[PDB]
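In the authors' numbering, the protein residues as written are 63 to 236, 240 to 499, 505 to 674, 677 to 678. Below is one structure, written out as structure tokens; comments come after it.
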Amino acid sequence: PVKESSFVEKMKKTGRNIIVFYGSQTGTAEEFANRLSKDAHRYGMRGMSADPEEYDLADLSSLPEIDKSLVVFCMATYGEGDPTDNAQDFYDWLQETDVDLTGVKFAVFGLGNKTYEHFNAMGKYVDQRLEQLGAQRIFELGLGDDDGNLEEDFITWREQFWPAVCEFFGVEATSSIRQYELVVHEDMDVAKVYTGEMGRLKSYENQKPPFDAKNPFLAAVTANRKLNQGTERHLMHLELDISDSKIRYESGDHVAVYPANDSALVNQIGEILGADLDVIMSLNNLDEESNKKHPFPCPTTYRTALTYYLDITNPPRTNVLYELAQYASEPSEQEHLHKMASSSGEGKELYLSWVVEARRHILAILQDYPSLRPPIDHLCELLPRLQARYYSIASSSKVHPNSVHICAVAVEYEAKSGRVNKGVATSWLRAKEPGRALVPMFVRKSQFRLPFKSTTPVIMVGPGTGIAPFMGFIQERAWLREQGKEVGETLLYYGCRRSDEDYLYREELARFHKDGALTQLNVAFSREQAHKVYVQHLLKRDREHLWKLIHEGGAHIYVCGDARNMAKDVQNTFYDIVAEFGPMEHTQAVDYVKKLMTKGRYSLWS
Ligand SMILES: Cc1cc2nc3c(=O)[nH]c(=O)nc-3n(C[C@H](O)[C@H](O)[C@H](O)COP(=O)(O)OP(=O)(O)OC[C@H]3O[C@@H](n4cnc5c(N)ncnc54)[C@H](O)[C@@H]3O)c2cc1C
Ligand SMILES: NC(=O)c1ccc[n+]([C@@H]2O[C@H](COP(=O)([O-])OP(=O)(O)OC[C@H]3O[C@@H](n4cnc5c(N)ncnc54)[C@H](OP(=O)(O)O)[C@@H]3O)[C@@H](O)[C@H]2O)c1
Ligand SMILES: Cc1cc2nc3c(=O)[nH]c(=O)nc-3n(C[C@H](O)[C@H](O)[C@H](O)COP(=O)(O)O)c2cc1C
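Okay, here's the thing in structure tokens:
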């Protein structure tokens, strides 16, 4: 993991006074950072954005060597209040270092979600440490909330941020600037055009270890069957073959996949923009110094970039609608698009209802504002990167060392846009039929693990697809037994709507219970009666016995599935169990369950 040379030197050579660092798992903090960097130019300053994993942040002590210098951290919080994977080296440095940051000016925008226990843990930490190390905060810590609207929190913070920067440094605010230039390739050889590979040219057709985010392994789809019994939704079990990939995983780990966008959606964007999507091109950085040569692997076709490199499905952010406004020939449509970027009033409210709440993707916006006819080259520079999708691996490597199993609900909903929207990755996984049907993937290691000693009892709470990793856990616990190992009680609390609708792994779980692999199979059918039966109803019922396992057997409790509501209700039930059988007050119950649910006991998403 070889760091770039000093970022202070880079910015000294390039004539930049502001650097903006992104802690980003799924690219939102990265987008915020590039926007702040560009923003610099409109205030007589020069900005760059940087991936902190690539630099040694100790070079912060050198940043005062540059006049009227400033560092901004856009820091997403991931996991159970941990840093993003790219921010982990920064985090571990901040803890260990006692460097003197005297004369360093800083500001932090945290990206977080209130529904999560540790709201912007990473934002707040970074903000606090730089101070403790002797750096001067030039503007208040921003607490962005994805639970509300994060975009609107960024608008509000940025709008106040720049005036204060201008005020402090004694500089003054002063027109569409493009980051990249279009180059069309007429006479290009087929063998040097990217076709959806993420890393090296021909990484896909030409597979060579080691496999990771930058070089995903193309795993063959062994299996892909309907799990759910009814037709109400589509829940799907997939087995990916990682034979000869040299990939190592444990139960509780995550599998990331790189999907393709819907063909019809891509062609429609092309048709409505009157564009030739089969043109071969590059968008090359106009700043010849930046290592970011292109916004995505180039040269390549618009069709390819729209299929594998670009997000064409999520509600576009305000700066993308703002940049497009110029290409709207009807003054009213130009006005709406321009005002999407307001921090207040009618424009903000239109952006929240018409774009966000209605889940309008770029194509819908082009259709509903027919006067908006951008050129495909700028659109492709503006759209964000298509991100990998993570899934809890539904198999144990002890049992299935050459296969990675996925348990997923297909996303397909009716939006206020009047359109039916489709999950990019789930629609694409669904269409994979068992040359071979190939899925670019890699493994991200998690802290979500079985207890070290087999005698330790496990309690697993995993309604709906929340069961994904517990299938692995149960496979593995079953395996230890049949290897003559001594295994504690193994308790599954699972949930679904009906026995005959969405009872995932019904046959497989019946089996495990008969063999003794599951000590108890407790299932809550939330719609087999007038009232809701949920997992925390079964938890409260088993309160006496669950306390025995927790207090006397040091049982590990695992909780996977919906972050918003399920995980909070489950935790309140555990607080209520501890408070009875301690005894102790509610305050000490909460301390107790917090200490029990240490990093690697919650696997939550929403
Ligand atoms: C660590 C982790 C583990 C995960 N494990 C699993 C797993 O085991 N199984 C699983 O199925 N998924 C899992 N997910 C979710 C997964 O990553 C994907 O987000 C999910 O499969 C949908 O991706 P997609 O590309 O199909 O949808 P996308 O195209 O990315 O769309 C997702 C968005 O659709 C919108 N949406 C969905 N339904 C509606 C609705 N009714 N109304 C309005 N908007 C709606 C929401 O805005 C949501 O953010 C996990 C996620 C993480 C981060
Ligand atoms: N607007 C949106 O963005 C939106 C809307 C829908 C789904 N989603 C997402 O899509 C996924 C749905 O997948 P899934 O099949 O795993 O979920 P699911 O089937 O809807 O949930 C599984 C089970 O959990 C139960 N449950 C619901 N609320 C609960 C609570 N507070 N406590 C305990 N149990 C509860 C459900 O009962 P009941 O359903 O009968 O209550 C059901 O039996 C989730 O990740 C969800 O966040 C998003
Ligand atoms: C698996 C997962 C875990 C998360 N954990 C936290 C958390 O512990 N605290 C928090 O405030 N936000 C949490 N979030 C919310 C994210 O910080 C938020 O979505 C943010 O915008 C992600 O930014 P990024 O795209 O740059 O990664 C989590 C999101 C996911 C998907």
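C-beta: ideal position from N, C-alpha, C; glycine also.
- In this structure, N148 is the residue among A138, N148, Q87, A580 with its C-alpha nearest to the C-alpha of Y117.
- Within its own chain, the residues whose Cβ lies closer than 6 Å to the Cβ of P510, once the five positions on either side in sequence are excluded, are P281, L283, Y323, listed in chain order.
- Ranked by how close their Cα comes to the Cα of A329, the residues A169, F512, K487, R454 have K487 in first place.
- Assignment of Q641 by DSSP, reduced to helix, strand and coil, places it in the helix class.
- Annotation: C363 to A594 spans about 51 Å, alpha carbon to alpha carbon.
- Distances from the CB of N379 to the heavy atoms of ligand 2 are all 6 Å or more.
- Judged by DSSP in its simplified three-state form, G232 adopts coil rather than helix or strand.
- For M137, the enclosing beta strand (DSSP E) has its first and last residue at 132-140.
- Shortest gap from the CB of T535 to any heavy atom of ligand 1: under 6 Å.
- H359 and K404 have their C-alpha atoms some 29 Å from each other.
- In the structure shown, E559 adopts coil according to DSSP, grouped into three states.
- Across the set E270, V344, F582, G261, the C-alpha of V344 shows the shortest separation from the C-alpha of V248.
- Residue state for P539 is assigned as helix, using DSSP reduced to three classes.
- Put simply, the region 310-318 touches the region 269-279. At least three CB pairs are less than 8 Å apart.
- Following the DSSP letters along the chain, one finds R290 inside the beta strand (DSSP E) bounded by residues 282-291.
- Counting the other CB atoms within 10 Å of its CB gives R243 a total below 16, which places it among the exposed residues.
- Spanning the alpha carbons of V648 and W617 requires a straight line of approximately 7 Å.
- With fewer than 16 neighbouring CB atoms inside 10 Å of its own CB, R611 falls in the exposed class.
- At the C-beta level, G196 and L163 come within 7 Å of one another.
- Judged by pairs of C-beta atoms under 8 Å, the region 520-528 touches the region 549-557, as three or more such pairs exist.
- With a cutoff of 7 Å on beta-carbon distance, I80 and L132 are scored as near each other.
- Taking 6 Å as the cut-off, the C-beta of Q87 counts as close to a heavy atom of ligand 3.
- With 16 or more other Cβ atoms from the protein chains shown falling within 10 Å of its own Cβ, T378 counts as buried.
- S457 carries a strand assignment under DSSP once its states are collapsed to helix, strand and coil.
- When only Cα atoms are considered, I441 and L351 end up about 18 Å apart.
- By the criterion of a C-beta distance shorter than 7 Å, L203 is surrounded in its chain by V170, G172, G185, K186, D189, once the five residues flanking it on both sides are discounted.
- Here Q399 carries a helix assignment [DSSP, helix/strand/coil].
- Sequence-distant partners of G106 (beyond 5 residues in either direction) whose C-beta falls short of 8 Å from its own C-beta, in its chain, are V233, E234, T236.
- The region 557-572 makes contact with the region 596-612: 3 or more CB pairs, one atom from each, lie closer than 8 Å.
- Taken from the Cβ of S457, every heavy atom of ligand 2 lies 6 Å or farther away.
- The alpha-carbon separation between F540 and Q150 amounts to approximately 27 Å.
- Secondary structure of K487 (DSSP, three-state): strand.
- For the 7 Å CB-CB criterion, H299 and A475 form a contact.
- Shown here for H621: same chain residues with a beta carbon closer than 8 Å to its own, the five before and five after excluded, namely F651 in chain order.
- In this structure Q198 is in contact with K167, their Cβ atoms being roughly 5 Å apart against a cut-off of 8 Å.
- Residue range 328-337 is occupied by the alpha helix (DSSP H) that includes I334.
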